[PDB]
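S.K.: Before I ask anything, let me first share the structure, which is written out below as C-alpha cells.
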Amino acid sequence: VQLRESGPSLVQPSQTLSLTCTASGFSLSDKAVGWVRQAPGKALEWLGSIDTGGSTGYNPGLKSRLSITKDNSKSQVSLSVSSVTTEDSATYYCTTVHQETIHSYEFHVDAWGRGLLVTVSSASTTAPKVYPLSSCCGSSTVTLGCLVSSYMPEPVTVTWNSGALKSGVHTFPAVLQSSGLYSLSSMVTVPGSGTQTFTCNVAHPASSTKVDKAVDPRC
Amino acid sequence: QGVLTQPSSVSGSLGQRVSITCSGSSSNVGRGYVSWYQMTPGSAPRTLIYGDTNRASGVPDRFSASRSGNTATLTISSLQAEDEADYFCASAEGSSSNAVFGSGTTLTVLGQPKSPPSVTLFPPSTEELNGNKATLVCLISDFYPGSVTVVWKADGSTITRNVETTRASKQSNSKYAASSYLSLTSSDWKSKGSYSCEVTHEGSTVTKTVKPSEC
C-alpha cells in the first residue's frame, strides 16, 4: 500500500478539479479511502471518504461541492471539487482510513499518499524568463545568481554547471508577485575564477522547459 | 462542524518533556477515538497515535498520548531534533466518515544560537531592463531565530508598492532564509540615485544598496 494522487497541478477559478487515487496494494472492497487536503498555512482538512460498499461521507461544510466515487475494477477512487476558488489551492492527499462504530465512532488514517499540490489561479502554465544576477556593483568574493521570473505553476528546479557546482549554492523559495506569477532566485558565492564559467540550469517541468543561462562573474 | 483546538506553537530544548493539547466537545474528542499525526518539513503526514493511546508501528516510544474528557494530549517525553514538525489531532464526529482535524501545532526545537542575516541585493539585469522591467532581489540567509523584516528605500524614502516579501523558511543547516522582490518599471529604476534593502533582525539592521548609475 502506498496510494498515489494524479491530476492537474493547476486549474482555473469556477472550474472543477478532478483527482484520481491509485498505486494500491490491496482491494477497495477491503478498505475505505479518504481524501485530506492542506491549504498553505492551514491545518489538514477532511474532505470525505468512500467505504468498501461505496457509501460516502463528506465534510459537511464542503459537501455541496464534493464528489467521491470509485471503481473496484481499476482500484481507483476519484475526487471532484466543483466551483473552485483560490481557497481550494492545497496539497491533496489520498488515504486509507479506519472507519468503524456507549456508541462511539472510530476514525484514523492508516496510510497516506505523497500528496499532489494543486493551485487554483487565473494564471495558466507559463515558462519562466531567466535573468543573470550579479552583486558586483553593490570585495574579493562576488555573488552571482539567476532570477527565475514570472512562471506558473510551481515547481522550478535550479542547478549550476549541470550539477558540478554545489558548494555555496543557495536556491530560495518562491514569491507570488502582484502579476499572479511566481519568481524565485538562486545564488552562488564564488571565492574567485578568471576564466571559470558559471551557468544556471533551470527546469520548469509543467511547461516542459529547461533553460541554461550563462552568468558573467567578472567584477 | 466541530473544532479541535490546539496551541499554535510549542517549543523546547533537546531532551525536554513537551505536551500538545487537543480540546474538542463531547461529540468528538469526548467520544474517545482520537488520533495524532506528524508532518515533518516537505513530507506527507505520518500517523503517530490512534484510538486515543495506541502508537503506530515504527513510532518511537518517547511519543505517548491520553485523554481526559474533551481534551486529548500528546506528550513527547524527550524532545529530539527530528521532532521539529507540525502536529495534528483528529476525531470522528457523529459518523466514522466525518473526520475533524485539529487546528495544528508547530513544534520548534530550541538550541541554535542567534545568527544575523547575510544579505545580498541584486540590481535588475540589463536583459530585464530591455523589457521595460526592473526587479531588485534581496536575498536573506543564515539567520536565527527565523524572523526578519524588510524595508525598501529609494533615495532614503520608503517604498511599499510592488514589494513581495517571503516569510522565513528553514535551511538545511537549521538557520533560516527569506527573500524580497521590488518590481519597478525600467524608468523608475533609472530615475533614482540609490535603492536600499534594509533587513531588520531582532532590532539590528543590515542594509544593502545599489545605485543605478553604477549598476
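Residues in the C-alpha cells are named by chain (A, B, ... in the order shown) and by number from 1 within that chain; ligands are numbered from 1 in the order shown.
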Give me the residues within 7 Å of range 101-113 of chain B as a PDB file with C-alpha atoms, in the first residue's frame, counting only C-alpha atoms and dropping any in the same chain fewer than 3 places off.
M.R.:
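This went into selection00.pdb:
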```
ATOM      1  CA  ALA A  43      -4.439  22.768   9.060  1.00  0.00           C
ATOM      2  CA  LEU A  44      -5.252  19.417   7.474  1.00  0.00           C
ATOM      3  CA  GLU A  45      -8.830  19.442   6.326  1.00  0.00           C
ATOM      4  CA  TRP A  46     -11.003  16.398   5.833  1.00  0.00           C
TER       5      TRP A  46
ATOM      6  CA  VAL B   3     -13.479  22.400  16.157  1.00  0.00           C
ATOM      7  CA  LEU B   4     -10.472  20.642  17.700  1.00  0.00           C
ATOM      8  CA  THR B   5      -8.334  23.465  19.188  1.00  0.00           C
ATOM      9  CA  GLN B   6      -4.592  23.024  19.630  1.00  0.00           C
ATOM     10  CA  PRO B   7      -1.887  25.529  20.665  1.00  0.00           C
ATOM     11  CA  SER B   8      -0.497  27.196  17.550  1.00  0.00           C
ATOM     12  CA  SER B   9       3.102  26.831  18.790  1.00  0.00           C
ATOM     13  CA  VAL B  10       5.156  24.775  21.212  1.00  0.00           C
ATOM     14  CA  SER B  11       8.882  24.708  21.823  1.00  0.00           C
ATOM     15  CA  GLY B  12      11.542  23.146  23.928  1.00  0.00           C
ATOM     16  CA  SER B  13      15.187  22.100  24.176  1.00  0.00           C
ATOM     17  CA  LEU B  14      16.632  18.706  23.341  1.00  0.00           C
ATOM     18  CA  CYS B  22      -6.400  18.943  21.621  1.00  0.00           C
ATOM     19  CA  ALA B  81      15.817  17.063  16.678  1.00  0.00           C
ATOM     20  CA  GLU B  84      10.516  19.743  14.862  1.00  0.00           C
ATOM     21  CA  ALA B  85       7.352  19.341  12.874  1.00  0.00           C
ATOM     22  CA  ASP B  86       3.664  20.187  12.773  1.00  0.00           C
ATOM     23  CA  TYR B  87       1.284  18.035  14.864  1.00  0.00           C
ATOM     24  CA  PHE B  88      -2.469  17.472  14.306  1.00  0.00           C
ATOM     25  CA  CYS B  89      -5.098  15.645  16.312  1.00  0.00           C
ATOM     26  CA  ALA B  90      -8.303  14.307  14.769  1.00  0.00           C
ATOM     27  CA  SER B  91     -11.539  12.639  15.768  1.00  0.00           C
TER      28      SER B  91
END
```
S.K.: With only C-alpha atoms as the counted atoms, please give the residues lying no more than 12 Å from residue 218 in chain A, apart from itself and same-chain residues fewer than 2 positions off, as a ChimeraX atom specification.
M.R.: /A:133-137,140-144,190,192-198,215-216
S.K.: Any idea what the distance is between CA of residue 109 in chain A and CA of residue 52 in chain B?
M.R.: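 About the pair CA of residue 109 in chain A and CA of residue 52 in chain B: they are 13.2 Å apart.
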S.K.: Please list as a PyMOL selection string every residue within 7 Å of range 135-151 of chain B, counting only C-alpha atoms and excluding residues in the same chain fewer than 6 positions away.
M.R.: chain B and resi 114-124+168+175-184+197-201
S.K.: Using DSSP secondary structure from the backbone, list all helix (DSSP H, G or I) positions within range 34-197 of chain A, as an MDAnalysis selection string.
M.R.: chainID A and resid 63:65 86:88 161:163
